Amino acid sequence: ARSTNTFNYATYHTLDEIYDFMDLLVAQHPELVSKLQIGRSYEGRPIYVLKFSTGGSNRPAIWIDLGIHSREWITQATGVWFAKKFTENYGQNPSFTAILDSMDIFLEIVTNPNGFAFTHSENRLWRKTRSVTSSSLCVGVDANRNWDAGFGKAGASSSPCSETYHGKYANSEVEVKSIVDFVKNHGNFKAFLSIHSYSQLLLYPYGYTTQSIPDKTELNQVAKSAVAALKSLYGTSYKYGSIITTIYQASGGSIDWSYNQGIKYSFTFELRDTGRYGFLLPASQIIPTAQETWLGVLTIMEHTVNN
C-alpha cells in the first residue's frame, strides 16, 4: 500500500498499482534505483524502465523485459518481485552484490501497457498491442513478431486479426521501437532477457532461421546450467534449446534481433505452467514461480559478469 514492505506480492495487480510500486521502490532506495521513461504507448501511457545501478558511466548492462504479451500475467508479477529482490539482496548476497558492483540492470515490468490495461478491463486473454490501422476493424500487433529479425517470414501472420500479426513493417509498434532505440543508444548491453509464459522453456536464437548461431555451444551450456539451478528449488522441469528446434519457426522475435545486434547472452524464458492453467496461473504460484526463475536468471547474470 504505502511501503514496498507492505505490498502484497502474492496477488495480481493493475497497471496503476504496479506503476505506484515503482515510485515507492525508488523513493525507498534512491541510491540504487531510478525510474526512466523510454517512450509512450500507442494510447499515450508512459513506458517505464527501472534502472538498478551502483554507479559508473555506461557500465555493461543486462536487459530484462516482461509482459510484452499482456495476458501472460505471471510475467509482470514476477517482474515486481524481481525489483524488490534486487533491493533486498544487494549487499547481502555475495554473488548478486558482485554483479551490481560492476554492471547495471534495466528492468521493464510492463512492456505492453495498453494491452495490460485491456486485459483488466475487457479481454483477459488479449495478447497484442492496441494500435489501430485504417484498412481493418481489428486492433493490435503481436509485439514479439514485430522486431527486425527475419521480419515477415514464416512464423508470423499477415492477417491483422490474427493473434500473431506481425504489423505493417519492422518496429512499427512504438512499444518495440522504444526498446530498440534505448538499447542502440546505450550500446553496452551484454545480456538481453525477455520473459513470457507458458511452457517452461529456456530458449536461445534463432527462431526465424534453422541456421545455428556461432555461440551455440556456449549458450546451450549456459541454458543447461540455468535450468538445473531453477529446478533445484521445487523440482520444476524446463526444456531448453534454440527457438526453432524447441517450439517452431517464429519470425520477428526480440531475442533474434538482440543477438544480431551483438548481444551474445540473449535468452527467452517461458514460465509456468505446461498447460493445466496456461495463462490463468493461480496467484498462489506467483512467489514460487518468481523464486525459482530468479535462480535461473542469476545463473545467466553470473556467466555474463565473468565473460
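Numbering starts at 1 and runs along the sequence shown.
The stretch 88 to 96 shows the higher mean C-alpha B-factor when 215 to 223 is compared against 88 to 96 in the entry. Stretches compared: 138 to 146, 194 to 202. Higher mean C-alpha B-factor in the entry: 138 to 146. Within the listed group 258, 70, 58, 242, the record reports its top CA B-factor for 58. Highest C-alpha temperature factor among 232, 78, 112, 209, as the PDB entry reports it: 232. When the CA B factors of the chain's modelled residues are split into thirds, the value for residue 52 lands in the middle one. Sort the modelled residues of the chain by CA B factor and residue 279 lands in the middle third. When the modelled residues of the chain are ordered by C-alpha B-factor, residue 40 sits in the middle third. Remark: residue 62 belongs to the middle third of its chain, ranked by C-alpha B-factor as recorded. Per the PDB record, residue ranking by Cα B-factor puts residue 83 in the lowest third of the chain.
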